[PDB]
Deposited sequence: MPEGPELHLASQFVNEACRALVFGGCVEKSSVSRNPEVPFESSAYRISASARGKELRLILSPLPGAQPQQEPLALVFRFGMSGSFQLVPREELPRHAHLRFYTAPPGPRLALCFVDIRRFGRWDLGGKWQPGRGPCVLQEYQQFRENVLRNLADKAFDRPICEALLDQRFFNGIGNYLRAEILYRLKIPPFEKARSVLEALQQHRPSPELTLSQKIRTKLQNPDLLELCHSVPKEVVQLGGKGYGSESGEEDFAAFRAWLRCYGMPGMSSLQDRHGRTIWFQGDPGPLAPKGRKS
């Protein structure tokens, strides 16, 4: 999951939990190495917001809910397989690692953080990860300034295709968006990041870092397959017939058309 999936997941939680009341404890699977969430309330509401490749749940007790409880924030990173589902309480998916349980009246549900591969993480705190840059979807202008004000960073010595995965400057961009972004501008993936960005300061690379992921958000879906067909059809480069692929320095596969670029293996 990349910024668009985190964004659609936070919309899911807000739409699906809009008229729900949760109650009780926050149950973690016994196999999860993430922290126990110390929260009980007889009546709480769940909402969400996304920032880049992180999502923030707010647990909000209703007026008069017992025990006495302030709102609690949890920040999630999804790794390669995280997601949220709203399921019937006795029909938990495998790998439902964190669960919030509706109170009565009405059918007993569970909102679950589901993560097959368990690369996902959550922290108690509610703070965004120190060091992640602004959200390419929701903080475009801040995101653009943060890159252009710091081209001196050794990060921008690297190929543009690698620079685009560095969550300090491109919070929300991952492996499919870097391929799709670079292909719209026919920028060789192994051009030096500083060269492509100095030449900045007809949409440019930093505008596409916002508008490309925004296109995925507007497709909708992705558990949030018919909806996965829509995505597959949108892709112009990532995994597509007739496209070249190389490994970057960290063993991640960059898809592209044409010139590999000067800094290539």
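- Positions of the deposited sequence absent from the coordinates, in order: 1, 203 to 221, 245 to 249, 291 to 295.
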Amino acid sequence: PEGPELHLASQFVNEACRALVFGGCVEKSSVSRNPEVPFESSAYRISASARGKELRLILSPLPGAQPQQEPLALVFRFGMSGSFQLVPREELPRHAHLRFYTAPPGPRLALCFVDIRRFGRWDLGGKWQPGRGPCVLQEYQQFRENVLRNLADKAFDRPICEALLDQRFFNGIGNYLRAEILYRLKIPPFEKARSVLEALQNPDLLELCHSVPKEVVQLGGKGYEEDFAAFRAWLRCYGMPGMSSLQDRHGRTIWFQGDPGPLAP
From here on, numbers count along this sequence of modelled residues.
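- Taking the mean C-alpha B-factor of each stretch as recorded, 82 to 90 and 163 to 171 are not equal, and the higher mean is that of 82 to 90.
- The PDB entry reports B-factors from which the mean C-alpha value can be compared for 32 to 40 and 47 to 55; the larger average falls on 32 to 40.
- Among the modelled residues of the chain, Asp153 sits in the highest third by CA temperature factor in this PDB entry.
- Among the modelled residues of its chain, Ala103 has a C-alpha B-factor that falls in the highest third, as given in the PDB entry.
- For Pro213, the recorded CA B-factor ranks within the lowest third of the chain. Only modelled residues enter the ranking.
- Residue-level temperature factors show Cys25 in the highest third of its chain, judged at the C-alpha atom.
- Sort the modelled residues of the chain by CA B factor and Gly3 lands in the lowest third.
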